[PDB]
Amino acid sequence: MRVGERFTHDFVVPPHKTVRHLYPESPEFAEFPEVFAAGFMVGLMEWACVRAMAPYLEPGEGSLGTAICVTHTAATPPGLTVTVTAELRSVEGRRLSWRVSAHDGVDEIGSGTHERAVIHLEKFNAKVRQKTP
């Protein structure tokens, strides 16, 4: 992977990615404005970095997010396209660090950093299963 390379991921926000859809179990979030949820924006930043990393993993490997540190500076109604730009900051062993940004065609809506760790999917799955009640 090359540090400083930018990757973009575009995503038309559908009606089902607003706040209330993140937790249909939450009465608070049921009155919230119909805008893209910060937890969906975080998933979309992860998705961008997963796609960027994919060509570089060995077969059987995946990754997990290990930190996210971002602002959310404008809100985005469904129908706009959120573009995430991910730029690789460093790779050290299994750890990849990213500078991430997102824009909805109107406003910058968020920026910060994200870190991930490469994992062996099958081994990690087995470990999760052993944690599972």
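The first residue of the shown sequence is 1; numbering continues from there.
Look at the mean CA B-factor for 43-51 and for 29-37 in the entry; the higher one is 29-37. Annotation for 111-119 versus 13-21: the higher mean temperature factor (C-alpha) is found in 13-21. Residue-level inspection of the entry shows that, of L57, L80, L64, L88, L57 has the top Cα B-factor.
Looking at the C-alpha B-factors along this chain, the one for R99 belongs to the lowest third.
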